[PDB]
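Spelled out from the first residue to the last, the chains are:
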Amino acid sequence: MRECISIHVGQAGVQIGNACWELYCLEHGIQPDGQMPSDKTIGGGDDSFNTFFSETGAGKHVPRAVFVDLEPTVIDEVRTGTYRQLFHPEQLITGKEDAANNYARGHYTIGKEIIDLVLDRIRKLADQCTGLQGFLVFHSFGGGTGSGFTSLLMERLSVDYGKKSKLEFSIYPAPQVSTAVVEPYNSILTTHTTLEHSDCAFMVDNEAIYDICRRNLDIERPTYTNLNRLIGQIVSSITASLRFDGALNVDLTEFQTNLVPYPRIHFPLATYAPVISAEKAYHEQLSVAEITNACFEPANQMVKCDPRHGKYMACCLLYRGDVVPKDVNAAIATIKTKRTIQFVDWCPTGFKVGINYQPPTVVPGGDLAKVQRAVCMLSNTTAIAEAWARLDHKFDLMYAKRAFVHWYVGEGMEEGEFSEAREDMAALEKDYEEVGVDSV
Amino acid sequence: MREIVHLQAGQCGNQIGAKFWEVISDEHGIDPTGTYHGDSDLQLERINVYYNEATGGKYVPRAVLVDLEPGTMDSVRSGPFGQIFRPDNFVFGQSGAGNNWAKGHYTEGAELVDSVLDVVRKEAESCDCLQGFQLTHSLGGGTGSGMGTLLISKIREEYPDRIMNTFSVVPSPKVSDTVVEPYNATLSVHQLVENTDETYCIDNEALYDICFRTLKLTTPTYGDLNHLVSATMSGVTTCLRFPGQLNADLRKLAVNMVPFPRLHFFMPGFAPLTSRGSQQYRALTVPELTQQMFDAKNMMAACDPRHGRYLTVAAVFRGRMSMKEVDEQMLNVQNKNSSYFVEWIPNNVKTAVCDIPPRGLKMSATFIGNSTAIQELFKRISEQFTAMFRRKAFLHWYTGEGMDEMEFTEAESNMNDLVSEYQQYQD
Amino acid sequence: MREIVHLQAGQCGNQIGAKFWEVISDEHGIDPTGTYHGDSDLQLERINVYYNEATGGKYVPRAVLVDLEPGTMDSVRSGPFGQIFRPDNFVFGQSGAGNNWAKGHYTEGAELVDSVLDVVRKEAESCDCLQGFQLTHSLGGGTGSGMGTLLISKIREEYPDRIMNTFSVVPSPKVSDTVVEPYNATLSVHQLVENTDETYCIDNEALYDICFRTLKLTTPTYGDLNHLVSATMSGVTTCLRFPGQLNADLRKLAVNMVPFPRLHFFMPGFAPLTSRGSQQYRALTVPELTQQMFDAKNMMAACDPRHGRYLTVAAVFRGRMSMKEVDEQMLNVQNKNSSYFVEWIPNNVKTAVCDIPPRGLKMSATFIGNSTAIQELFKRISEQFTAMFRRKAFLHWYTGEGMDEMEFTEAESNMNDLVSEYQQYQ
Amino acid sequence: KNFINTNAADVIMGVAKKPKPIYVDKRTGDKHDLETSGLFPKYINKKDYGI
Amino acid sequence: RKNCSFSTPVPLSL
Amino acid sequence: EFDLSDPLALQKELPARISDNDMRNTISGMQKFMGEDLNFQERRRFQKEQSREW
């Protein structure tokens, strides 16, 4: 039971998938060639891997993942790497020519070309699950296939699968740095068309994770390998109440009902507290209440917007390690007494707790410390209403002179979809306003 | 799987591309005969972008060499790597043009255009998914610019979805060696603007200003001007042949550069060039590479972007290098200097990281930049066209080929639109 | 984190720019070929103040050497320490000014400020958090004084918050080498004060009052004068590069020394100067450092505070001493000379202590201090600019280079007021 | 000639180029056309069907 | 000295 | 990836051309150029000898 079908899309999605699936192989017993070291028990000893790994007859475990891209050069070091024998070859879908930072190329022209091939592969992985909790989506708004075809993945998921839970992690574009020039046209048009189709949507951006690896860990110059390692330690802590023994269990269904109050507002923000270096855990005792306070800290946040600008609509705390169910209570009661955190008026209950026994795993040659307790957090805040205002700013900028609009009009797409998907977002800017008013 | 069919025309086009293939063949471990003699595995994985396969494990390029005189085919066939080319790809006519756009376009270059289009249609349909073409030519000669624009017109009327790319060596203004060159160059820019996706501008004046000032060479030649054009002919297409942390093909840089379909004239430059005595005094870090993409002396056009506004900007980084330090230094150049950047595009930078550096190197960097300081490249051609044209100067050489003086007058004002189209975005 | 770009100009700007960079490379342990052969590990800590770092362990100085003719500057490239500077930093024109402040300020020197400001912006934005540049030049020639005043005018405007230090080599009244040197130097000190923060004065006549009267050498050289000049150029920035008990960066050495931004003219002096046959007969003791300073023999500018008032006085001690001896000798030389200090500033003596001694030594000191006894330095340069301009002595050398007679006329009208600014404390 | 305003009229008053439908297989992207193959029904749509 | 053996056409050669 | 964040990688490094006879300076590595002239002075000298004898 408890199966989860991971869907990775884009070069960002593939390179995050390579980080997570190395973590999952080490977390259970799996080698890089599929096999366990021999189980040395009677029959099947441990069946904990069934949420992520299947099993053939012979003793080979094949992941429940689909790796999607439109450029061939990203999957061809998954196919000829260390983990080239773990993946069944048909799970790794490549195109022949990529979407080239166009939403329109990735939605109408090249994405429709490749949609029905990968919705045959997710049928086969969803007919192997006795109980399916829900999918996972790993994308980035910036690219063509990370925005265009990913937004059309969610739309044809809603037709076929109904009200099945479709989570998504995302790389929202950064405020100061940026890869590309055409990213506001991409990022606006996909938040408009995934808006009624997605259940939940966690966001991080790469500039904030830059601020932690340089500062909290003692690793100057972090490559994307060090950022992708931290993303796998959030996905693992979301799904470790499904595989390892817990005191309080949390599913993948208890996040949408506890952080998404209103239909247009499904945008929580991730945080992970004891990300620390091996020279500076020789000195610090990591208690249960010492790592609770450091999910609310604006430095240790994982997006480049301060929660103090807004109001905490809810929370979701994920405690992982050697904790006590009483010292979880002994820290939450403290946090509510500060006046530098401010819960919204119509949420007097606030929280959602989760306690799990298996401590977080040490990857050989990784970044962090061998730590005995940890806390993950997904919190939903009104302080994201400052993030679309820096995206309405850079859409209306290049749209009032209509730069780059010819690269989307002749690419199979009419032009009135530009001047309505920024009007559609214009209600969402006032919709985040009225939940910021107190009920006088 | 993403093949590139090379086209190259004239003495300028056949002597640039001969050195460029000496750059690529070493980069993929190919001998002078053609056989593979490399060491890694990534050298033989995406070699089909540029190379076909012959029998016995020998690789032959997808290059079609075009010329109107027969004396620049012997120079290329018997050069350093002249034995790697298939001999049917050489195209040559038995009488030249002799610095004439009309003989290139109508008289002599129209009997030769229908035998190259039987060659390229045999090499373009032999690709599994053809990404696009290339060109390498000069706007000063007869067969580089006359028939070299007749070819592009036939391509983009036949393969319109594919990418057409050009590495134009537009004529150098103040080291010039042809009286009749501004007729050739002014008549050739209407054919660039309607039939190219991208187009790069190269001046041989600004290739000399690298070799005197930067590299401190004693006696440079044209072998060290082709040596620099190939440095940026390979950095644009290095994310198609080698994997990276962030990829960019020839199309993704085209999606992200041109905002309006008439504004595609760019300005290349290659960063880690070091003079021989200053070679030991420098280390290869990331801000050593973004201090020389963006240095205004480094650019391969003889126009200065401090006189205009950067519409968009590219960058291609090669090596094993950090994604934070890549990203933090391009925000750094945007913020110190924010009057060289257009307002209505908030982010003006596209970035891409490839893993496999040039051979023997640790890090490397390449640039492509779009400017409103490149409308100062055409007004110095217009001033030397209508100064000369208003007294009907060399006109009998062109009108007696079957032309008309109104055909000049439209190429006055079709290029004078691009002066004033680019001008309204400086306002 | 506190880099100091070194900025030079002229023949004197290179012949001070050579010997100074010898004795930092011996102070910080650097061979003739650039690399490090040191003993301690305090000799690598704060060395980024002056040296960059290339590959292989190579520390190349952050120095710009500027001239208008290459004749005196070939001698710098082939000296004992001429292979540690990068060859890009040498900026040299093909036609010099040559004892004409007008040539260097409009015609030739404005055509040479084009590429130095590419070079100095390379050596300033390479610093992580720049502390400030530093000048040293001659006021006689037109390379140092004609264009070097125009270097300061540009870089004070582009980088306003940073620091501009100078060692003005203003020429002596009685000994000289140029007829027209009042015109070269009176003209520059009006354009000096608006663009500079802290100035000194190094007169070479005052150096001949040392090597004859204190070091007892028969035959001095300029190489035996740049030893003394650069013994103080290190002595100001010693707190920067070596730790102490009570530090003083060059910001802090001015903020206790400039009561107003037109009171910035200080006269250096230096303690361990002793003859080779008189070397054995003195103990390196705390009173021996402070008895030679306030003696009028030692000061590096030919101008004496018997006429004037010690307005504010500074002190920089090097060596590992006991600071109460520093504290008591200052007070017992402050109470005795009760007519030699003003009284509107009650405490006038500023202090620092640096552990590392100068090389081959134990203890030493350096003095920084303005007075009204340096308006006499400009009473003897604008008495001879009005003994020369009143009947137009060399004027056709000046008006025909794109000038006006107002630019001379305003220059006396600073000397009747900036000197009269100094005068009111008498 | 006003280029900025006419470059926006050329995209709004126009038609989108509909693609020729193409399907893939094999997991290496072998692409075939849809109509010419026997998958999508085309030939029962003819006029003289069944007569 | 000019050596045009490669470039002469196969109609016109020695 | 300690080598990216060494404190002494700038010391523990080699320049791209230690001397003119170094093995890792090929055409694609753009440190070595064809038109630099080290045979210039000897060629000029033997040119002058040839001129004198003619």
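Residues numbered from 1 in each chain as written, not as in the entry; some residues may be left out. Chains lettered and ligands numbered in written order. Part of a larger assembly, values for the part shown. Heavy atoms only, no water. Residues with missing side-chain atoms left out of burial classes, pairs and counts.

As stated in the entry header, the method of structure determination is cryo-EM and the reported resolution is 7.7 Å.

(A) Geometry of the overall build of chain D. Check the secondary structure of chain D and you find 1 helix and 2 strands. Since a compact globule built from 51 residues should have a radius of gyration of about 10 Å, the 20 Å found for chain D marks it as more spread out than a globular shape. Based on the C-alpha atoms only, the size of chain D along its principal axes is roughly 60 × 40 × 10 Å. (Helix = DSSP H or I, 4+ residues; strand = E, 2+ residues; numbered from the N terminus. Rg over C-alpha atoms; globule rule 2.2 N^0.38 Å.)

(B) Spatial organisation of the sheet that holds strand 5 (residues 136–138) of chain B. Residue and element names in this part refer to chain B. What the 3 strands build is an open sheet, ordered 5-6-7; its pairing is parallel. The outermost strands of the open sheet, each flanked by one partner alone, are strand 5 and strand 7 (200–202). With direction set aside, neighbouring strand axes in the sheet form an average angle of 25 degrees. Two elements, strand 5 and strand 6 (residues 167–169), share 3 bridges in a ladder whose sense is parallel. Following the sheet pairing, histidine 137 is matched in strand 6 by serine 168. (Pairing = 2+ DSSP bridges. Axes fitted to C-alpha atoms, helices over the stretch in contact; angles between N-to-C directions.)

(C) Structural context of the environment of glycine 244 of chain C. Residue and element names in this part refer to chain C. As for its position among the elements, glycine 244 is in strand 9 (residues 244–246). A C-alpha to C-alpha distance of 5.8 Å links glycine 244 and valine 353, two positions 109 residues apart in sequence. With near-sequence residues (within four places) excluded, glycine 244 lies in contact with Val353, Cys354 and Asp355. (Contact = heavy atoms within 4.5 Å.)

(D) Spatial organisation of the sheet that holds strand 11 (residues 352–354) of chain B. Residue and element names in this part refer to chain B. Spatial strand order, 8-12-10-11: 4 strands in an open sheet with mixed pairing. On the outer flanks of this sheet lie strand 8 (269–270) and strand 11, each paired with one strand and no other. One ladder, built from 2 bridges, connects strand 8 with strand 12 (residues 363–367); its direction is antiparallel. Following the sheet pairing, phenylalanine 270 is matched in strand 12 by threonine 366.

(E) Region of the structure containing the domain arrangement of chain A. Residue and element names in this part refer to chain A. Annotation of chain A at the domain level lists domain 1 (2–268), domain 2 (269–383) and domain 3 (384–438). In this structure, domain 1 and domain 2 have C-alpha centres spaced 23 Å apart. If you look at the interface, domain 1 gives 11 residues, while domain 2 gives 13 residues. Where the side of domain 1 that touches domain 2 is concerned, the elements lending two or more residues are strand 6 (202–204) and strand 7 (246–248). Residue composition of the side of domain 1 that touches domain 2, by class: 6 nonpolar, 3 polar and 2 charged. (Domains from an automatic or database assignment. Nonpolar A, V, L, I, M, F, W, Y, C, P; charged D, E, K, R; others polar.)

(F) Focus on the UniProt feature "binding site: Mg(2+)" in chain A. Taking the UniProt record as the reference, the feature "binding site: Mg(2+)" is found at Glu71 of chain A. With respect to the helices and strands, the residue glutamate 71 of chain A is situated in the loop between strand 2 (65–68) and helix 2 (72–75). (UniProt positions renumbered as here; feature names shortened; annotations may be inferred.)

(G) Spatial organisation of the UniProt feature "active site" in chain A. The UniProt record marks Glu254 of chain A with the feature "active site", using the residue numbering of this structure. On the secondary structure map, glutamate 254 of chain A appears in the loop between strand 7 and helix 9 (256–259).

(H) A look at the packing of helix 16 (residues 405–413) of chain B against helix 17 (residues 415–423) of chain B. Residue and element names in this part refer to chain B. With their axes 3 Å apart at the nearest point, helix 16 and helix 17 run at an angle of 10 degrees to one another. Here helix 16 is positioned roughly parallel relative to helix 17, judged by the angle of their axes. On the side of helix 16, the interface is formed by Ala411, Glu412 and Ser413, while helix 17 contributes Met415, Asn416 and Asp417. Across the contact of helix 16 with helix 17, the residue classes tally to 2 nonpolar, 2 polar and 2 charged. (Parallel < 35°, antiparallel > 145°, perpendicular 65-115°, else oblique.)

(I) Representation of unusual backbone geometry within the structure. For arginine 221 of chain A, which is not a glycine, the phi torsion comes out positive at approximately 50 degrees. Looking at where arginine 221 of chain A falls in the secondary structure, it is placed in the loop between helix 7 (206–213) and helix 8 (224–238). With a phi close to 60 degrees, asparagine 99 of chain B is a non-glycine residue in the positive phi region. Topologically, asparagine 99 of chain B is positioned in the loop between strand 3 (91–92) and helix 3 (101–107).

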